[PDB]
Number of protein chains: 2
Amino acid sequence: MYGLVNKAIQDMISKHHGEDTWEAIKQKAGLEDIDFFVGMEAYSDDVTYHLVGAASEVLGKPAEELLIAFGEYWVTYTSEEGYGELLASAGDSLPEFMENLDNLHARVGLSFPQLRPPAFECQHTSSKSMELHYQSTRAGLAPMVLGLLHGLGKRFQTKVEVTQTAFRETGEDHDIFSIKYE
Amino acid sequence: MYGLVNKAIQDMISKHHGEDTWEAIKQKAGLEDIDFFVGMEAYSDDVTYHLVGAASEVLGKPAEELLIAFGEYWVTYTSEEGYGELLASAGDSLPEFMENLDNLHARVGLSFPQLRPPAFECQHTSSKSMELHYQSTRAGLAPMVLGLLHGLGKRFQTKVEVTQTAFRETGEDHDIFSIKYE
Ligand code: HEM
Ligand code: HEM
């Protein structure tokens, strides 16, 4: 993924655990060569998976948990590191924001020419609930989506309840979530 | 499960969608024969699964979403229909309540001799987070656990974020949830 994603993981782990711990993790991932991540340069997805895998070990938390946390963190990181207006432009409630996501990622993708963004479809089952379809070229990021949704729930002062009802990992076409909010 | 569970589903649907809708659902589940549910009598689990399946059709919401709602409802229903002091006795925070849950259910099972309660183990990962292990003889109720946890967050005026990190549905030994709370 683009280096932005990996900087943010770095920033999260430094801010929360210090730079020694970050360096430990970076060393463990086999990425000590890399002095800094370049925000708008494409890296191999491996770099991200290795970082999370390395951080699970060092921190003694499962990988899924780090992904959930990173997902929440991202919502705050983007508002603060150069994407705040883009974020604000994408809506001011959870269901509007998720309807606008594919277009948010497309705008980001004018500027990040090799972007492989995910795709999100909403099927609203009422004014306070939806079925959310997450389609990705990648595997293993559902728990990050879960964290992102909670971050968005914070951003909009909205309580969100999320449960995954279909699983791309098991050979189903894609991850599906049922969501209830406020 | 004991008839109280089925009464509560009835009461939720009636109170939210009216009695015609309840009767429709009950009719669709193949349970028109049953004049009323008997609270302290054991029914076949199927009765509950069929009711939820039927309600998903009539209402045009997925089953998992209704389970979430039912879970939340239950916390209010129990406080109001005969179990309020038992509920109050089980604690006055989320993390205490969940440590006490197996004992709450054991109490309930003195009076309900054939109870098959679930089992809950807490691993507190800080003063504001925990990993919750949900072990059941049954399938499909994790999303109801999610709703229950949000109901308890309401009861204790506590903001709760719940994310499921392991799924019995997919072959994992049991459901695990990572929980962040005020
Ligand atoms: C805030 C709500 C958002 C959600 C729920 C979300 C969701 C996702 C997910 C799940 C991925 C993983 C890629 C995959 O699944 O294939 C991803 C990648 C990405 N998103 Fe977002 N996103 C969010 C907002 C943003 C924002 C504001 C930006 C601004 C930079 C952004 C830029 C990216 C980038 C650069 C990638 C990497 C894709 C690549 O390298 O191919 N996203 N997004
Ligand atoms: C006064 C409060 C409560 C009462 C009276 C109560 C009672 C019961 C009863 C009668 C059953 C049906 C078991 C059977 O028929 O074999 C049950 C199931 C259930 N209880 Fe509760 N309970 C209460 C609170 C809670 C709370 C707050 C939670 C979760 C935080 C919880 C989680 C469950 C679950 C998940 C089951 C589903 C059965 C299964 O997983 O095997 N209960 N409880």
Side-chain angles (χ1 to χ4, degrees), chain A residues 1-6 8 39-40 42-43 45 48 67 71-72 74-79 81-84 86-87 89-90 97-98 100-102 104-105 107-109 111-112 114-120 132 134-142 144-149 151-152 155 175, chain B residues 1-6 8 39-40 42-43 45 48 67 71 74-75 77-79 81-90 94 97-98 100-102 104-105 107-109 111-112 114-120 132 134-142 144-152 155 175:
Chain A
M1 291 187 255
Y2 271 78
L4 186 51
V5 175
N6 295 317
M40 308 160 134
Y43 288 82
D45 289 346
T48 310
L67 277 178
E72 205 197 313
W74 176 254
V75 178
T76 269
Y77 180 93
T78 54
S79 75
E81 297 290 319
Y83 299 95
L86 173 59
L87 204 66
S89 77
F97 189 94
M98 295 309 300
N100 287 329
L101 223 197
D102 291 347
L104 184 160
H105 272 134
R107 245 128 92 67
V108 170
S111 344
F112 288 65
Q114 232 161 100
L115 195 73
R116 318 193 257 130
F120 286 104
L132 173 82
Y134 161 54
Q135 285 178 283
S136 180
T137 60
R138 295 166 182 94
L141 298 175
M144 194 187 67
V145 174
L146 260 19
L148 282 152
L149 283 167
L152 292 178
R155 166 184 190 68
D175 303 316
Chain B
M1 282 169 282
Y2 269 93
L4 186 61
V5 177
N6 296 320
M40 309 182 158
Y43 289 80
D45 286 341
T48 311
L67 285 177
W74 176 257
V75 171
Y77 183 88
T78 55
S79 86
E81 292 297 318
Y83 303 98
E85 287 211 336
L86 162 54
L87 204 62
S89 76
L94 175 59
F97 186 96
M98 294 305 319
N100 281 323
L101 246 112
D102 290 357
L104 181 140
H105 274 126
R107 281 161 183 71
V108 169
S111 345
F112 294 83
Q114 290 167 55
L115 201 71
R116 302 196 262 129
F120 281 104
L132 177 75
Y134 164 50
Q135 277 150 311
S136 185
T137 59
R138 300 176 178 95
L141 309 180
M144 177 171 84
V145 177
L146 208 170
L148 283 151
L149 298 162
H150 279 270
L152 297 169
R155 186 178 169 75
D175 302 302

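Just follow the structure's listing: the first ligand is 1, and inside any ligand the first atom is 1. In what follows, chains are A, B, ... by sequence order, proteins preceding strands, each numbered from 1.
Where the criterion is an N or O separation shorter than 3.5 Å, residue side chain and backbone included, A:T78 fails it with respect to ligand 1.
For ligand 1, the atoms closer than 4.0 angstrom to any heavy atom of A:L4 are 30 (C). Here is the list of ligand 2 atoms found below 4.0 Å of a heavy atom in B:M1: 14 (C), 15 (O). For ligand 1, the atoms lying closer than 4.0 Å to a non-hydrogen atom of A:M144 are 9 (C), 10 (C), 11 (C), 12 (C).
Nearest protein heavy-atom neighbour of atom 30 (C) of ligand 2: B:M98 SD, 3.5 Å. Among all non-hydrogen protein atoms, the one lying nearest atom 15 (O) of ligand 1 is A:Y134 OH, 2.5 Å. Closest to atom 38 (C) of ligand 2 among all protein heavy atoms lies B:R138 NH1, 3.5 Å. For atom 27 (C) of ligand 1, the closest non-hydrogen atom of the protein is A:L87 CD1, 3.6 Å. Given atom 41 (O) of ligand 1, the protein heavy atom at minimum distance is A:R116 N, 2.8 Å. In this structure, atom 16 (O) of ligand 1 lies nearest to the protein heavy atom A:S136 OG, 2.7 Å. In this structure, the protein non-hydrogen atom closest to atom 40 (O) of ligand 1 is A:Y2 N, 2.9 Å. Atom 34 (C) of ligand 1 has its closest protein heavy atom at A:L115 CD1, 3.9 Å.
At distances below 3.5 Å, at least one donor-acceptor pair connects side-chain atoms of A:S111 with backbone N or O atoms of A:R107.
In this view, B:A119 and B:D102, B:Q135 satisfy the side-chain contact (heavy atoms from CB on, under 4.5 Å) rule, not counting sequence neighbours. For B:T48, the side-chain hydrogen bond (donor to acceptor under 3.5 Å, both in side chains) criterion is met by B:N6, not counting sequence neighbours. With sequence neighbours left out, B:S89 forms a side-chain hydrogen bond (donor to acceptor under 3.5 Å, both in side chains) with no residue at all.
Contact annotation: for A:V145 versus ligand 1, heavy atoms closer than 4.0 Å belong to the side chain alone. Under 4.0 Å from ligand 1, not a single heavy atom of A:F112 appears.
Only protein N, O or S atoms were considered, and those under 2.8 Å from atom 21 (Fe) of ligand 1 are A:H105 NE2.
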